[PDB]
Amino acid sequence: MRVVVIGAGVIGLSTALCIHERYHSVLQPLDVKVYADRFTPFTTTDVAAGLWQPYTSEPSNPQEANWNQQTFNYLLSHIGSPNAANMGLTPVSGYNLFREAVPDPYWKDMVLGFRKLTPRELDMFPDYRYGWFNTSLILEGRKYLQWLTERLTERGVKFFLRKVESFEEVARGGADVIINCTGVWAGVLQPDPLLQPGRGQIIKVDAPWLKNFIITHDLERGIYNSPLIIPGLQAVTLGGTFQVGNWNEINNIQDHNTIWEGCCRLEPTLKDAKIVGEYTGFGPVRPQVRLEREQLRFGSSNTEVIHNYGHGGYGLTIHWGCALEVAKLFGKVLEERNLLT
């Protein structure tokens, strides 16, 4: 097979690795390439806060819950490994804060040590009356992309700077199988009105004393439209906006203020933190992830496309389960052609 993966964000690179690992040994002429028009540090993935945590409500497609779980167990299994930090991975503990009682999240047993906050814990965060504590994992987008591209490179997977104009051009360039991991821009290659940009702005800050994630929720204003603080490997991400439908890629002043003042209110020690950068990214928001096979005809030959996009504000959290599912669908492509695992 000639396989072209389109996209070098978390979804693209994880999928490319997962396919290569699973099928290199049984399919000798396996030729896997990555095409993309943005690589680290210039992908949405690089701008991600870095935390493993699904949305608070159950997803429309319950398969997503398994993909999240598989991703956690996968990442957890590297803790104890000498290279966990080089992969962008380290354990972190933290708080989820609410202005009123809410049900437990579906993921409460996936994380480690989930429990309700006690009154003394609530005293640390005055504006809030209810919440959770748990241990989870940091997965830093930037570092993980760098790890994946090294792992891919060693396995002979080749990377190409290419702005793909259509699936047609890639098929006629020889690809038997196209894996579509184009994130929020997938609509360019095939219209998909269910896919919308989730505009998130963040402030990165030097405040190494903060060891815990702190995520506040506002049930009325929707997910991640409430202050959040996430310690990274070297810096801390401050957030608080996540606006669907907004394609403006420039930082604005009003969101900066919302983030800074919301987070300084949550964590007043931030007064002494040095601003290191400010960024805006677009979460690929969709009612559910698109992860499915599609057959396209160009001339007399069929081309196989597998889509993997629309992971909203949880791409890091879910990526590995999705990569595994794409590999499963790839297996079926092979078996449809009398090829064997």
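Don't overthink the numbering: it's just position in the shown sequence, from 1.
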- [ ] Compare the mean C-alpha B-factor of 100-108 with that of 133-141 as given in the PDB entry, and name the stretch with the higher value.
- [x] 100-108
- [ ] Select between 199-207 and 122-130 the stretch whose C-alpha atoms have the higher average B-factor in the entry.
- [x] 122-130
- [ ] Using the temperature factors in the entry, find which of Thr44, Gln288, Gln28, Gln69 has the highest value at its Cα atom.
- [x] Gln28
Open item on the list: Given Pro62, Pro54, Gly50, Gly277, identify the residue with the highest C-alpha B factor in the PDB entry.
Closed with: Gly277
- [ ] Could you tell me which third, lowest, middle or highest, the C-alpha B-factor of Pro91 occupies within its chain?
- [x] lowest
Open item on the list: When the deposited Cα B-factors of this chain's modelled residues are ordered and cut into thirds, is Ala85 in the lowest, the middle or the highest one?
Closed with: lowest
Open item on the list: Split into thirds by Cα B-factor across the chain's modelled residues, where does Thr40 land: lowest, middle or highest?
Closed with: middle
Task: B-factor third for the C-alpha atom of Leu296 within its chain - done: highest
Open item on the list: Split into thirds by Cα B-factor across the chain's modelled residues, where does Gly239 land: lowest, middle or highest?
Closed with: middle
